[PDB]
Amino acid sequence: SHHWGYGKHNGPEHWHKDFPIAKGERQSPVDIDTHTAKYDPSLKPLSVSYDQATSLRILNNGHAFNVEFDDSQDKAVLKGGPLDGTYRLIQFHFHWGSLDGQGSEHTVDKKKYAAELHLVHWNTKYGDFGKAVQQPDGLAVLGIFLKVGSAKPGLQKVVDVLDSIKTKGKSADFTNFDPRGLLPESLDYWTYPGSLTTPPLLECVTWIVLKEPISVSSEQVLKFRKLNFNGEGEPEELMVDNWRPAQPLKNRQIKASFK
Ligand SMILES: [Zn+2]
């Protein structure tokens, strides 16, 4: 079959066997070379409208945990920046490390952060998520780096329920979560065309990666690292290092929103 993971034999280096697009022209993540990434003055202001965001549930899918949202109307939408039209938030999740010095998928001048938050939106041009993922302009993912320092109050509600979804397949109701509480103070960003960073690795993503990291506490990070890849009863495999390394940039240019 096409089971995949982050281990020695089922991890990113081997994904291509089952998902040949893994060696495609627009794979993610990438290293962001700040020297070559040029200001684009044509990028419009980035707009997030999250006041009416409706979170539904949190689940451990054996690779990460996802917080899922009602995307049936324009209640949590990303617009502007590089984007044409309206993108609805469907879910967010994180990637993180076993150690603070690794965990991010994107890197900045080769620097790795402790983790990376992905807020996943899809383009209402296409009428549902399934249709959007099949298109180069189908998704917009807002990438937010985490470093370890001061606790992040707006993360605490997430961290506080991770004990209920320790293992693969677990889910719980998760309402009234405000994703605005996960944002940094500056929304300066880089953007480039790329892919899902997990199988099926489709090249449907406009990446928007914020320059300014959020700070989270070592306590919050420790809670992430206590999660399991495995299901209940199976041998323990700590959910850590669920990040894909930098892929070749190939022909692509990375644009900066800031002068
Ligand atoms: Zn992700």
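Parameters at a glance
- Residues numbered from 1 in each chain as written, not as in the entry; some residues may be left out.
- Part of a larger assembly, values for the part shown.
- Heavy atoms only, no water.
- Residues with missing side-chain atoms left out of burial classes, pairs and counts.
- UniProt positions renumbered as here; feature names shortened; annotations may be inferred.
- Helix = DSSP H or I, 4+ residues; strand = E, 2+ residues; numbered from the N terminus.
- Contact = heavy atoms within 4.5 Å.
- Polar contact = N/O pair within 3.5 Å; in protein donor to acceptor, adjacent residues only side chain to side chain.
- Buried < 20%, exposed > 50% of the residue type's maximum accessible area, 1.4 Å probe, protein only.
- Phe/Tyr/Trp six-rings, centres within 6.5 Å; stacked < 30°, edge-to-face > 60°.
- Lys NZ or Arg CZ within 6 Å of the ring centre and 35° of its normal.
- Donors = N, O, S within 2.8 Å, 3.2 Å for Na, K, Ca; no water.

- Where the PDB entry is consulted, the chain appears under the name Carbonic anhydrase 2, with the organism given as Homo sapiens.
- Its PDB title, taken directly from the record, is "X-ray structure of HCA(II)/aromatic foldamer complex".
- The UniProt entry for the chain carries the following text under Subunit (literature references left out): "Interacts with SLC4A4. Interaction with SLC4A7 regulates SLC4A7 transporter activity. Interacts with SLC26A6 isoform 4 (via C-terminus cytoplasmic domain)."
- In its Sequence similarities section, the UniProt record describing the chain reads: "Belongs to the alpha-carbonic anhydrase family."

### Comments concerning the overall build of the chain
Link 1 in the chain: When helices and strands are tallied, the chain shows three helices and 15 strands.
Link 2 in the chain: Summarising the internal contacts of the chain: among those between residues at least 6 apart in sequence, 70% fall at separations of at least 24.

### Section: the UniProt feature "domain: Alpha-carbonic anhydrase" in the chain
Link 1 in the chain: Per the UniProt entry, the sites bearing "domain: Alpha-carbonic anhydrase" are residues 2-258 in this numbering.
Link 2 in the chain: Taken as a whole, residues 2-258 contains 6% helix and 30% strand, while its terminal C-alpha atoms sit 41 Å from one another.

### Details of the UniProt feature "binding site: substrate" in the chain
Link 1 in the chain: The UniProt record annotates "binding site: substrate" at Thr-197 and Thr-198.
Link 2 in the chain: Structurally, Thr-197 is set in the loop between β12 (189-194) and β13 (205-210).
Link 3 in the chain: Sequence-distant contacts of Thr-197, that is, excluding residues within four places in its chain, are made with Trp-15, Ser-28, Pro-29, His-95, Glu-105, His-118, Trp-207 and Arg-244.
Link 4 in the chain: At 2.6 Å, the side chain of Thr-197 forms a polar contact with the side chain of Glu-105.
Link 5 in the chain: Note that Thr-198 resides in the loop between β12 and β13.
Link 6 in the chain: Classification of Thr-198 as partly exposed rests on a relative accessible area of 23%.

### Observations concerning the environment of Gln-52
Link 1 in the chain: Note that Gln-52 resides in the loop between β3 (44-49) and β4 (55-60).
Link 2 in the chain: On a C-alpha basis, the gap between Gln-52 and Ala-76 in space is 6.2 Å, while along the polypeptide they are 24 residues apart.

### Considerations on the packing of aromatic side chains
Link 1 in the chain: All told, the structure shown has 15 aromatic pairs when counted by the stated rule.
Link 2 in the chain: Relative to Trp-15, the ring of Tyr-6 has its centre 5.5 Å away and its plane inclined at 75°; by these criteria the two rings are edge-to-face. Taken as a pair, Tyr-6 and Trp-15 share a single burial class, namely buried.
Link 3 in the chain: Centroid distance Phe-92 to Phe-177: 5.4 Å. Interplanar angle 50°. Geometry classified as tilted. Residue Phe-92 is located in strand β7 (residues 87-96), and its partner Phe-177 is located in the loop between β11 (171-173) and β12; the two are separated by 85 residues in the primary sequence. Each member of the pair, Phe-92 as well as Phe-177, is classed as buried.
Link 4 in the chain: Three or more aromatic residues joined by ring pairs form one cluster here, namely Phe-65, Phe-69, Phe-92, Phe-94, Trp-96, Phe-174, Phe-177 and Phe-224.
Link 5 in the chain: Lying over the aromatic face of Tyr-113, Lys-111 brings its terminal NZ or CZ to 4.6 Å of the ring centre.
Link 6 in the chain: The side chain of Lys-157 reaches across the aromatic face of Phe-174, ending 4.6 Å from its centre.

### A look at the side chain of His-93
Link 1 in the chain: Within the element layout of this structure, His-93 appears in strand β7.
Link 2 in the chain: Of the polar contacts made by the side chain of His-93, one reaches the side chain of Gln-91; its length is 2.8 Å.
Link 3 in the chain: Within the local environment of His-93, its side chain forms a polar contact with the side chain of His-95, the two groups lying 3.2 Å apart.

### Topic: the coordination of the zinc ion
Link 1 in the chain: Protein coordination at the zinc ion: the donors are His-93 (NE2), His-95 (NE2) and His-118 (ND1), at 2.0 to 2.1 Å from the metal.
Link 2 in the chain: For the zinc ion, all donor residues lie on one chain, and their spacing in sequence is H-x1-H-x22-H.
Link 3 in the chain: On the basis of relative accessible area, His-93 is assigned to the buried category, the value being 12%.
Link 4 in the chain: For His-95, a relative accessible area of 2% puts it in the buried group.

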